[PDB]
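Asks:
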Ligand SMILES: CCCCC/C=C\C/C=C\CCCCCCCC(=O)O
Ligand SMILES: *[C@@H]1O[C@H](CO)[C@@H](O)[C@H](O)[C@H]1NC(C)=O
Ligand SMILES: *[C@@H]1O[C@H](CO)[C@@H](O)[C@H](O)[C@H]1NC(C)=O
Ligand SMILES: *[C@@H]1O[C@H](CO)[C@@H](O)[C@H](O)[C@H]1NC(C)=O
Ligand SMILES: *[C@@H]1O[C@H](CO)[C@@H](O)[C@H](O)[C@H]1NC(C)=O
């Protein structure tokens with residue numbers, strides 16, 4: 001909350017407000033770089049080049 | 101996918117991922133120009149000047 005800010009943050013399967021009350025089993029992080037118009041394509045049930 | 105890119109693309113009545121498996125009956129295309137803040141108004145159940 002002091003340094004880093006996100007333009008988009010969207011969660012699926014769980015309300016965000018409960019993220020501090022849970023514990024997570026098999027955590028993986030995927031990283032890549034896209035353009036601004038392709039960020040909407042990173043979602044379930046989407047079409048496009050990405 | 102080589103030349104043209106869209107800032108918004110939203111479909112109603114069908115998942116986008118099935119658009120290649122179907123065939124369409126009465127296809128019409130409407131064209132116009134708006135400002136950036138009015139693009140959110142082109143949707144069902146919306147209010148505003150547009
Ligand atoms: C110009 C005539 C088009 C007629 C097609 C009629 C029905 C087909 C339905 C949808 C086609 C979507 C075309 C654009 C897809 C953009 C994909 C993307 O990059 O996000
Ligand atoms: C937040 O960042 C500022 C500037 O770098 C720093 O002075 C401050 O100590 C930070 N706060 C915490 C709690 O680390
Ligand atoms: C990221 O790392 C670089 C170098 O390690 C540092 O200069 C920068 O301040 C860091 N940014 C944040 C938000 O911590
Ligand atoms: C994509 O565009 C580039 C640049 O115009 C062109 O050289 C290339 O042949 C195009 N690809 C296809 C499959 O048409
Ligand atoms: C659109 O048409 C113009 C002229 O016909 C052409 O110069 C331009 O490259 C075309 N754009 C695309 C994305 O095909």
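Protein chains in written order, with the working numbering: chain E, 1 to 50; chain Z, 101 to 150. Ideal Cβ placement from N, Cα and C applies to all residues, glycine included.
(1) Name the chain Z residues that come within less than 8 Å of residue 37(E), Cβ to Cβ?
(2) Sort 122(Z), 123(Z), 112(Z), 138(Z) by Cα distance to residue 156(Z) and report the nearest one.
(3) With distances taken from CA atoms, which of 4(E), 19(E), 21(E), 42(E) is nearest residue 33(E)?
(4) Less than 8 Å between CB atoms is the rule here; does residue 101(Z) satisfy it with respect to chain E?
(5) If residue 116(Z) and residue 47(E) are in contact, beta carbons under 8 Å, what's the gap, nearest whole angstrom?
Replies: Taking the geometry as given:
(1) Under the 8 Å cutoff, chain Z gives 105, 106, 107.
(2) As displayed, chain Z neither begins before 101 nor continues past 150, which places residue 156(Z) out of reach and without an answer.
(3) 42(E)
(4) yes
(5) 4 Å
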